[PDB]
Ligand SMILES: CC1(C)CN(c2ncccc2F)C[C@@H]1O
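Shown next as structure tokens: one chain only, the form deposited without the ligand.
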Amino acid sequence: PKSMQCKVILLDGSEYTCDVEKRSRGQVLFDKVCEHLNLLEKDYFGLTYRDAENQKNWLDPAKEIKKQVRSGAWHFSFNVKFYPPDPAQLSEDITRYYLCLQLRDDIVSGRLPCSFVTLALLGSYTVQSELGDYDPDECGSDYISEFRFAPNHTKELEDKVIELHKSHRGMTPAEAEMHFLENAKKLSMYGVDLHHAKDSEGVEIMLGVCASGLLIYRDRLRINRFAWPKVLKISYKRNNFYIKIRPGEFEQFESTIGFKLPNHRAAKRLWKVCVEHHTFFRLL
């Protein structure tokens, strides 16, 4: 029974290696990675791979791995798929920990924009969780942490992390991670998956997929939101993506809204993540 080697980049930046039968469905690998991570609240997470166009794709757990990675390497990342709007509701501290690791990468990468003060506050909770109480012996006036906190580090930011870290004496790791999450969950781009698109007129927009619905950034700023309950049908055709809106009160007809995606694969990918968010957040 022939087995394929799988390499998974974990959220701590380390590499998990395992073997699965070459006809294995994604769920098989996901279950192995989640057992490795001692993760029981698996519903929020998934594996990504890179397609032939180097685009991130979710590995569908119901479909054969070989029919998704196709001609590419069996290389994956473990990632948060559904960002919970209220992480305090999660049953396990270890789930909140993995969510913290994902968000730290969201921040350093620039996917999750953050004010100076929030970068320093989030940083100070990470430092408290991982090193415990502030110690002056490790940190002089010229201290720079090994921890990556921001897309661009400044001495000012390092100083503010330390100033807030001092305020957190006695804080336990789960407590610091919960504080991290109470701040992160409020950021305007928390759990927003962004997709480049054009509107029905050809103007460049971003579509954001998240718990609260489909967001349109017709400018650099948000300009429209469609709450999932208002969406009856998500569809794609060629390079186009469509949402069927419920009729407003006393309106005779549903309304259909159309967007142009970079290519057919990008339209299909956007359709699938919207359907998945719609289902997940309808049930949560």
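Whichever C-alpha set is largest while still superposing within 1.5 Å between the two forms counts as the rigid core. Only residues modelled in both forms are compared. When you see a residue number, it is the position in the sequence shown, counting from 1.
This protein has a second form, the form deposited with the ligand bound, left out of what is shown; the following refers to that one.
Counting ligand atoms within 2.4 Å of backbone or C-beta atoms, the overlay of the ligand from its pose in the entry with it bound onto the shown chain yields 3 or more, and the pocket is blocked. Only one of 93, 135, 156, 204 comes within 4.5 Å of the ligand in the entry with it bound through a heavy atom, and that residue is 204. Taking the partner from the other structure, the ligand in the entry with it bound has no heavy atom within 4.5 Å of any heavy atom of residue 139.
Although the partner is absent here, residue 254 is not a contact residue: none of its heavy atoms lies within 4.5 angstroms of the ligand in the entry with it bound. The ligand is not shown here, but in the entry with it bound it comes within 4.5 Å of a heavy atom of residue 219. Put simply, residue 194 is close to the ligand in the entry with it bound: some heavy atom of it is within 4.5 Å.
The one residue among 42, 222, 32, 230 whose Cα position changes by 2 Å or more between the shown form and the other one, with the core held fixed by superposition, is 222.
Annotation: residue 212/residue 221 CA-CA distance longer in the entry with it bound than in the displayed model, change of at least 3 Å. Comparing the forms between the shown form and the other one on their core, residues 220-222 form the single run of at least three in a row where every Cα shifts 2 Å or more.
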